[PDB]
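Have a look at the structure below, then the notes.
Just so you know, ligand 1 is whichever comes first in the structure, and atom 1 is the first atom listed for that ligand. Residue numbers begin at 1 in each chain, while the letters A, B, ... track the order of the sequences. All values below were derived from every heavy atom in this structure, side-chain atoms included, with hydrogens, water molecules and symmetry-related copies excluded.
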Amino acid sequence: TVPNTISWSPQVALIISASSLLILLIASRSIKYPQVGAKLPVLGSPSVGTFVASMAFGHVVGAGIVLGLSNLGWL
Amino acid sequence: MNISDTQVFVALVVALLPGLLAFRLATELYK
Amino acid sequence: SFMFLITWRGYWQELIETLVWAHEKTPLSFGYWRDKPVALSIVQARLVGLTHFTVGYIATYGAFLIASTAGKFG
Amino acid sequence: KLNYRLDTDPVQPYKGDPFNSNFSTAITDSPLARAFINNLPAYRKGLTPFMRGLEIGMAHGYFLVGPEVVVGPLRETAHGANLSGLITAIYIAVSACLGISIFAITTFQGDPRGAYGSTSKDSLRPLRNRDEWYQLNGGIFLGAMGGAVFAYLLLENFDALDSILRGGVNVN
Amino acid sequence: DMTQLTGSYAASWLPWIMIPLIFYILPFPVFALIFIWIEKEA
Amino acid sequence: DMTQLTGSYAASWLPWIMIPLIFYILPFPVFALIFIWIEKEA
Amino acid sequence: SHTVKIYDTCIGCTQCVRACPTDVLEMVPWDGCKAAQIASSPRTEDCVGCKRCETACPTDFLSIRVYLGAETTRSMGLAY
Amino acid sequence: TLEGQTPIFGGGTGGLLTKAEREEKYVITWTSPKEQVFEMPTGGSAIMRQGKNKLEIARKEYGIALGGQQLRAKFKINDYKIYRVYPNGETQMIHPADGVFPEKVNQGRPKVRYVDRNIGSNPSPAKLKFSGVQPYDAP
Amino acid sequence: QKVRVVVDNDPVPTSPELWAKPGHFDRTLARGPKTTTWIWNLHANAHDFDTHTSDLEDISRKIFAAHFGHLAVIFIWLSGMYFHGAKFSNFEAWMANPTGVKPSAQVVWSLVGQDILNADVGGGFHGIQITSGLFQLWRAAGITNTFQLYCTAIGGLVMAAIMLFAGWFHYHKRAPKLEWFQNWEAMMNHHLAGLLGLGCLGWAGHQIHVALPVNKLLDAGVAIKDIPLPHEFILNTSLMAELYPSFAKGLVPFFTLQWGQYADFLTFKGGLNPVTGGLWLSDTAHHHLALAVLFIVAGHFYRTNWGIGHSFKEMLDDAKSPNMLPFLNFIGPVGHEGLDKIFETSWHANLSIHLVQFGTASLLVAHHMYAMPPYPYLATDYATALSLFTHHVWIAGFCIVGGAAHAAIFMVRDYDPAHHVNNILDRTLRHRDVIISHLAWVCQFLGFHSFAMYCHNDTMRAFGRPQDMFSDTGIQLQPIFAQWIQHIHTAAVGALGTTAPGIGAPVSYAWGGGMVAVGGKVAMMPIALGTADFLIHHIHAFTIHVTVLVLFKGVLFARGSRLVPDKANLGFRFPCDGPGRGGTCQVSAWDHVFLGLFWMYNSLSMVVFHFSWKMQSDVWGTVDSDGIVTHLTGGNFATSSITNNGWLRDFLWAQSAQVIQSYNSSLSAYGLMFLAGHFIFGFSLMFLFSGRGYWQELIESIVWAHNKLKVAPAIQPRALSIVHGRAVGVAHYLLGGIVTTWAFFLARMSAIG
Ligand code: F6C
Ligand code: CLA
Ligand code: CLA
Ligand code: CLA
Ligand code: CLA
Ligand code: CLA
Ligand code: CLA
Ligand SMILES: CC1=C(/C=C/C(C)=C/C=C/C(C)=C/C=C/C=C(C)/C=C/C=C(C)/C=C/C2=C(C)CCCC2(C)C)C(C)(C)CCC1
Ligand code: SF4
Ligand SMILES: [Ca+2]
């Protein structure tokens with residue numbers, strides 16, 4: 001059978017936003033070389049490259065999470 | 001239906017891994 | 001024969017040296033050469049390769065000559 | 001600036017000599033490998049050369065019978081397969097013992113060449129005397145014949161031994 | 001039949017050889033190994 | 001019959017023993033003799 | 001051992017001595033050439049027969065010649 | 001005995017064999033101005049010490065190649081010596097034979113195996129039949 | 001800031017003056033010729049750039065410019081195939097009747113009777129039947145008329161001119177610095193996300209928007225003229241909606257992560273299309289789309305200019321004891337530290353790795369394209385299927401040998417002992433006797449227990465004792481591990497239970513699950529493995545291991561050995577070190593490549609022979625109305641391939657009937673080339689068996705005759721050098737043998753395929 005994919009709803013927006021946010025806090029404190037290049041609070045003051053990397057990885061991880069949940073009936 | 005010939009042989013080969021590690025731990029504790 | 005005629009000595013001498021090391025370092029191998037093993041000489045290899053080439057030449061055609069005639073006739 | 005880091009090297013030079021063409025590995029120098037190899041009959045301390053040959057012969061003659069019994073050309077019949085296996089072990093061991101004899105004849109003339117010379121320090125080849133080799137050979141031959149015959153007797157009596165190991169001899 | 005030891009389980013030949021090996025073949029060599037270990041001079 | 005090696009010639013038992021003797025019985029002792037001959041110290 | 005001979009056509013260019021991988025040759029005083037020196041082979045027992053000396057010799061024909069002879073352990077280049 | 005401390009080397013399979021203990025062995029000793037990395041004659045890299053060094057080698061060609069192509073050409077070290085060590089302990093210094101490098105002419109060195117003619121004047125082998133004399137050895 | 005573009009301006013003037021100075025790149029060759037050896041040396045050192053100069057920056061610029069030249073050559077070759085398929089082919093006729101028309105794209109002129117080679121290939125066309133699979137590739141791309149092929153031919157010529165201009169521009173006008181070439185992280189990011197990733201994405205777009213709709217109509221049976229042009233599927237969205245309903249809702253599901261609604265054209269079926277026998281194009285579209293995402297993600301892995309990413313140097317410096325797994329700590333306390341120096345300066349080391357992986361890729365291409373035929377009407381075109389597997393097997397073998405060759409070149413030329421102190425490279429060299437001795441032993445074990453068992457079979461069969469043979473009816477050698485894998489992979493899709501539930505059909509029918517037939521011929525069916533397959537696979541293991549032994553001994557001993565300790569000073573390519581030390585012929589690392597070429601040829605010849613016989617015997621054939629399959633050779637492989645008398649009789653003698661009887665027919669060219677390959681093989685034997693000392697002396701007498709008539713040349717004739725004679729021998733040997741097999745394979749398949 002074709003794995004189930006759900007229609008767009010605020011829940012998938014919450015998952016993607018939360019995954020992007022959590023990655024942003026973790027990356028600014030764990031990656032080897034943050035604050036490299038042009039600069040953009042509670043965060044570690046990440047650079048532009050760190051922020052775009054966090055948002056891109058938030059889309060990557062978030063997309064995997066939403067498709068994984070929707071496949072299994074929310075895991 | 002019980003396990004087959006291959007399953008018994010696989011278990012025997014797998015049991016070698018804790019067998020060798022048991023020897024390593026025993027000799028290390030003897031030190 | 002193609003092996004003895006195409007490959008030449010220095011390749012085999014280096015390989016034999018590796019096997020010499022292996023024998024010396026292997027336990028339970030109580031044997032030991034009284035004559036040091038070396039690759040066949042340059043001239044010797046040409047003769048040995050020529051011998052294999054000739055013997056194969058004669059044996060192959062001899063078998064074909066007999067079979068293709070005796071099999072078809074008396 | 002230069003750090004060979006030999007002190008933290010898992011693989012050390014063999015016996016502290018970096019120029020002896022050897023390494024200290026799990027195969028050559030681990031406590032288990034040394035214990036197993038040095039206590040084989042070829043290396044066990046204190047063994048007489050005849051007793052070294054006896055234990056080696058019994059072990060080798062015993063298993064040499066097997067191959068021709070199972071996949072040999074007389075395998076179609078039980079009795080023929082067993083005889084062929086015993087003969088093959090006898091032929092191989094007699095040939096090997098002949099090789100051991102002529103090895104001792106040719107090696108030990110004057111000061112032997114190679115690893116059996118007086119000044120040689122080959123720890124893997126400890127039988128440095130001609131009389132030791134002949135004592136070894138006598139043990140090898142008698143042990144190999146005994147081991148081959150022992151395997152032959154067990155295979156010849158396979159039907160009896162199968163009933164033995166299943167308790168079928170306790171019916172009467 | 002019930003005149004002999006048999007096994008309907010897979011690889012029933014295994015107890016045929018393992019019982020002799022563990023109980024009256026290997027134990028004497030094992031005792032020999034332990035005896036050498038406990039008698040070795042310092 | 002043609003299920004075994006036989007001989008209609010006289011003394012057909014001769015190849016029965018000569019073939020083993022020359023090809024896989026005597027050759028190893030002969031090789032041993034030659035080996036001793038070519039390895040003898042001067 | 002191999003035999004190494006030096007003929008009177010030598011010009012004392014020392015090329016053969018430099019090319020020898022086992023130090024068989026050395027340069028000795030001489031008066032037959034402008035360089036006032038000639039090649040010598042005092043240590044032919046160490047000669048392996050590589051003929052590197054002949055390759056380096058500039059004279060025509062060669063002033064140094066190697067004749068392969070009886071083979072020994074060191075003439076065969078055996079480390080065992 | 002030969003003095004000097006061996007270079008840092010973790011071991012290898014290109015070292016000495018039974019021939020070293022049974023027939024003969026060679027040792028190359030030298031002095032270097034600093035600690036530095038060189039290539040072993042039979043593969044691998046070794047670190048030569050600050051003071052005087054001593055390396056055991058299976059063949060004489062190893063010492064000539066190491067001393068000539070590496071010690072002199074690359075590290076500008078010219079005081080290296082090569083010894084031949086016999087199993088009974090006898091040691092003789094063989095390179096340089098007389099303290100002067102062979103490529104440099106030295107007084108007192110005799111002519112060895114010199115033929116007083118051009119190579120084209122060697123006699124034909126037919127004239128020396130059954131005499132046991134090779135054409136290049138002919139007077 | 002670290003990654004930046006720096007170039008020189010006009011570093012080399014563009015003048016043809018040096019065109020009239022042959023050998024200018026070499027100091028020795030620049031003086032001019034004195035003997036004929038100068039001519040050979042000029043061509044031999046033409047592209048050895050590191051011997052033209054010692055400047056790494058100048059060398060790298062030559063690499064970059066020359067690569068553009070090779071790309072232009074490939075584009076001209078690609079343009080030729082498209083043009084010949086648009087002007088001198090029966091492509092349009094073949095597209096109408098794929099199962100009844102032989103592809104043909106080469107037409108010969110009629111001057112000396114060679115027009116007999118214009119075979120009756122069907123479709124009212126006369127020409128040489130091609131086996132390159134161009135027609136099947138173009139059909140899968142959606143190409144339906146010769147005009148589209150003509151346009152691609154013009155585009156290929158344009159790209160060739162652009163490639164040629166780029167090489168001139170980046171060498172004579174704007175040559176990048178050495179630091180530009182040393183940007184590992186930037187190069188990896190751009191070639192992963194931008195080259196592989198964007199190319200997969202672009203081809204996925206072409207497949208989705210062009211190939212899938214055109215091929216869906218083609219398999220439905222509608223005529224070529226009734227199929228709209230591919231751009232109509234883009235403009236008229238209603239046309240795409242009818243074929244795939246999901247296209248009626250646009251890009252909304254993609255941006256909302258509702259990708260499950262795209263399942264009608266991004267399928268995950270597996271198996272083969274019943275109509276054509278190739279893979280489902282919708283399956284390949286999802287395959288390439290998934291590849292594009294994976295490659296683009298991989299392209300953000302390395303740190304270029306923004307701190308984010310991984311560093312090559314930090315990984316290599318960290319991969320050492322005790323940071324490895326407990327059983328992998330034997331690599332020592334230095335480990336991979338120092339390997340980064342190799343990739344900074346050694347072009348040869350990188351070429352060694354990349355040539356090896358092109359061998360790996362081409363081998364995967366050969367194996368994965370017959371068992372999972374990706375193009376329509378490719379599996380049932382037996383001539384094309386055999387040719388494609390054989391061609392890409394041979395390409396891989398040459399690439400692998402080249403990888404070993406340039407690995408040895410790196411050791412002699414670029415390896416620096418100071419950079420490798422107790423690291424893994426140094427440690428590997430320090431136990432090379434361990435490695436070679438064990439490799440030599442396993443080669444002997446494999447040779448005895450693979451080939452000598454065939455000799456055992458031949459002797460038993462000749463004795464009239466089939467029961468004693470290694471066969472399915474005698475002493476069986478069942479490849480149980482390979483049989484088990486076939487069962488696991490078949491049961492994974494539902495045909496250790498159902499481990500790939502989403503796949504409908506078996507991934508490959510070669511593992512089981514059923515048979516596919518297209519035009520009354522077998523496309524793919526399960527390939528049973530028995531004793532004969534056990535024996536032949538261990539033949540491959542034996543031949544590969546020996547080829548490894550020859551090449552890997554040369555690389556490990558390139559610097560020297562116990563015999564010649566200073567081989568590195570002698571160089572990568574030298575004939576010998578004299579007759580001394582007993583004789584040191586062929587000690588150089590080059591000679592190990594020379595010997596390894598023969599063993600690669602021997603290994604790969606048996607690989608393509610195994611494929612040709614097994615596929616004909618057990619897979620390929622015709623299917624009647626009742627579903628009964630009669631194979632091309634009728635199942636000979638199981639009983640005949642267990643002896644090499646069977647190989648000699650039932651494979652070489654029997655299957656050469658087509659090529660040997662091809663005279664006075666359209667296949668007569670294959671018969672001529674069959675003899676041509678045999679001639680070159682025998683011709684090569686005098687270069688391999690003889691030496692230049694004989695030939696130089698013979699040339700002396702010939703030169704005397706020319707001197708007698710005052711016609712001797714100033715450029716003195718010389719026999720080929722010792723290395724050159726070996727190179728000629730191996731080149732003619734491999735050419736003769738491969739051409740012989742090429743004619744043997746193609747003549748038979750063009751007649752019975
Ligand atoms: C004498 C004694 C001795 C000894 C002991 O003591 C030995 C041992 C070893 C070890 C260590 C090893 C493992 C084993 C195996 O697997 O392989 C083999 C097999 C066999 C079978 C071998 C054989 C054994 C013995 C000889 C036995 C004998 C017995 C008989 C029976 C006698 C008979 C007599 C009569 C009279 C005939 C080896 C080896 C090697 N080899 Mg080696 N040996 C020797 C001898 C010889 C000779 C003569 C030659 C020449 C031919 C060689 C050769 C060779 C090569 C190529 C190689 C290889 O590769 C390998 C290796 O290294 O790896 C790694 N090698 N070795
Ligand atoms: C995304 C960027 C990108 C892309 C696509 C490439 C692509 C390529 N590089 Mg490359 N490179 C890049 C960035 C890129 N590079 C960067 C940033 C550096 C500096 C670190 C290098 C440094 C470099 C070196 C040093 C070398 C290459 C080489 C190559 C070629 C390898 C041969 C091959 O696979 O043939 C692929 C075959 C093709 C036909 C691909 C198409 C070729 C053209 C030029 C691509 C044009 C794409 C462009 C976007 C236009 C698209 C139009 C349309 C699709 C929209 C290939 C064309 C090698 C080579 O052969 O040089 C000539 C080589 O030696 N590159
Ligand atoms: C990407 C691929 C690639 C690249 C860039 C190189 C690059 C290089 N290789 Mg290399 N090589 C490769 C693949 C590659 N190789 C492969 C696959 C092999 C295995 C066969 C080799 C084997 C190899 C050897 C053994 C040697 C090199 C050498 C060299 C260097 C000098 C080039 C040279 O001699 O000009 C080539 C000049 C020629 C005259 C060759 C042309 C003659 C060929 C053999 C004719 C082929 C016949 C034809 C295809 C079919 C018949 C034609 C018809 C008319 C009958 C250069 C760095 C040489 C060197 O010194 O390296 C430092 C060297 O000794 N390579
Ligand atoms: C601790 C667990 C345990 C115990 C108590 C037993 C008990 C028994 N097994 Mg057994 N077995 C086990 C685990 C165990 N099994 C496992 C995991 C396997 C799969 C590898 C097997 C495979 C197996 C076979 C194939 C056979 C038996 C048989 C037997 C019986 C005779 C003894 C024998 O031949 O041993 C044989 C033992 C092995 C082949 C391997 C044993 C491996 C275990 C894990 C070792 C345990 C060591 C222990 C924990 C350390 C003790 C410490 C000390 C201080 C006491 C006996 C009832 C025989 C039988 O059925 O007779 C009727 C027989 O033929 N066993
Ligand atoms: C050179 C002559 C010659 C040759 C080639 C053969 C060949 C053969 N004989 Mg034979 N034979 C010969 C003379 C010869 N015979 C003579 C003169 C006699 C009478 C004494 C015999 C009596 C004889 C018997 C009784 C048997 C054979 C058998 C055989 C076959 C197996 C070999 C064997 O068992 O030898 C056995 C050989 C002998 C018992 C004695 C051989 C005496 C000859 C003269 C020795 C010649 C030595 C030679 C000249 C020196 C070679 C030098 C070297 C550099 C090559 C083989 C076809 C066997 C057979 O038929 O199998 C089917 C068999 O059973 N032979
Ligand atoms: C995993 C890689 C992969 C695979 C399996 C395929 C598979 C396929 N492609 Mg495809 N392709 C790929 C990558 C891949 N592609 C890339 C990267 C590009 C360019 C960006 C393309 C461009 C492309 C075009 C333009 C076309 C195809 C087509 C096809 C189909 C025909 C069969 C074929 O090409 O041989 C299958 C190939 C293989 C099995 C092996 C090659 C894959 C690479 C080279 C191996 C790389 C791994 C390497 C050995 C290890 C690297 C070292 C490691 C340390 C990482 C088939 C479905 C054709 C089509 O439409 O079919 C209907 C077609 O026209 N492909
Ligand atoms: C058919 C011809 C032939 C044969 C049999 C061999 C055999 C061998 N080659 Mg070889 N070679 C050949 C042609 C051949 N080569 C050619 C044409 C070339 C040129 C390219 C080379 C180049 C070459 C190289 C470069 C290398 C080899 C290596 C090897 C060895 C591989 C190990 C092996 O298989 O051991 C098993 C031995 C065999 C399979 C030989 C056949 C044995 C028969 C079938 C059984 C005999 C039974 C019994 C012992 C007979 C005794 C009776 C008594 C009366 C004599 C082996 C000795 C490699 C090596 O030495 O690796 C260790 C190696 O490095 N060869
Ligand atoms: C290393 C090891 C191993 C192996 C082992 C082996 C290899 C074994 C073998 C074993 C064997 C192979 C054994 C054998 C034995 C034998 C015996 C025990 C015998 C005895 C004999 C006898 C007792 C005899 C007697 C006699 C005589 C003397 C004379 C008269 C007659 C008679 C018969 C009485 C394993 C893998 C497991 C594990 C790991 C480790
Ligand atoms: S035969 Fe040729 S390759 Fe061999 S050593 Fe003599 S010159 Fe060199
Ligand atoms: Ca009873």
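Of the listed residues (D/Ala144, D/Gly61, D/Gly143, D/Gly146), the one carrying the non-hydrogen atom nearest atom 25 (C) of ligand 8 is D/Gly146. Closest heavy-atom approach to atom 61 (O) of ligand 5 among the candidates F/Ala11, F/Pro15, F/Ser12: F/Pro15.
Both the backbone and the side chain of D/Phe150 come within contact range of ligand 8, each with a heavy atom under 4.0 Å. The part of E/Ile19 lying near ligand 4 is the side chain, judged by heavy-atom distances below 4.0 Å.
Within 4.0 Å of atom 20 (C) of ligand 4, at least one protein heavy atom is present. Less than 4.0 angstrom separates atom 7 (C) of ligand 8 from none of the non-hydrogen atoms of the protein. Inside a 4.0 Å radius of atom 18 (C) of ligand 8 there is not any protein heavy atom. Within a 4.0 Å radius of atom 11 (C) of ligand 8, the protein has no heavy atom. For atom 28 (C) of ligand 8, a protein non-hydrogen atom is found at a distance below 4.0 Å. Within a 4.0 Å radius of atom 38 (C) of ligand 8, the protein has no heavy atom. The protein does not reach atom 15 (N) of ligand 4 closely, with no heavy atom under 4.0 angstrom from it. Within a 4.0 Å radius of atom 31 (C) of ligand 4, the protein has at least one heavy atom. Within 4.0 Å of atom 41 (C) of ligand 4, not a single protein heavy atom is present. There is no protein heavy atom closer than 4.0 angstrom to atom 10 (Mg) of ligand 4. In this structure, atom 25 (C) of ligand 4 is in close contact with the protein, since a protein heavy atom lies within 4.0 Å of it.
Between the side chain of I/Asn329 and the main chain of I/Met324, a donor-acceptor pair closer than 3.5 Å is present. Remark: the backbone N or O of C/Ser29 is paired with a side-chain donor or acceptor of D/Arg125 at under 3.5 angstrom. With D/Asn22 contributing its side chain and D/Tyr14 its backbone, the two residues share no donor-acceptor pair below 3.5 Å. Between the D/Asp29 side chain and the D/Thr25 main chain, no donor and acceptor come within less than 3.5 Å of each other. No donor-acceptor pair closer than 3.5 Å links the side chain of I/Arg461 to the backbone N or O of I/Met469. Checked by atom type and distance alone, the side chain of D/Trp133 never pairs as donor or acceptor with a backbone atom of D/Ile100 at under 3.5 Å.
Atoms of ligand 5 found under 4.0 Å from any heavy atom of F/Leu14, numbered from 1 in the order shown, are 25 (C), 64 (O).
In this structure, I/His431 and D/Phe23 have perpendicular ring planes: the angle between them is above 60°, well past the 30° mark.
Residue D/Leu124 holds its CG atom at 8.5 Å from CG of C/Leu28, rounded to the nearest 0.5 Å.
No side-chain N or O of D/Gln135 forms a donor-acceptor pair with one of D/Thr48 less than 3.5 Å apart. A donor-acceptor pair shorter than 3.5 Å cannot be found between the side chains of I/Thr643 and I/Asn457.
Regarding atom 22 (C) of ligand 4, its nearest protein heavy-atom neighbour is B/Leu12 CD2, 4.5 Å. From the protein, the heavy atom lying nearest to atom 1 (C) of ligand 8 is D/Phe36 CZ, 3.9 Å. Distance from atom 35 (O) of ligand 4 to its nearest protein heavy atom, with residue and atom name: E/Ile22 CD1, 3.5 Å. Closest protein heavy atom to atom 38 (C) of ligand 4: E/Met18 CE, 4.5 Å.
The shortest distance between side-chain heavy atoms of C/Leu47 and C/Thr51 falls below 4.5 Å.
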Please lay out, stage by stage, how I/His545 and I/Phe542 fare under the test ring-ring contact (aromatic ring centres under 6.0 Å, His included).
CA-CA 5 Å; I/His545 269 84; I/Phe542 162 62; 9.1 Å; no
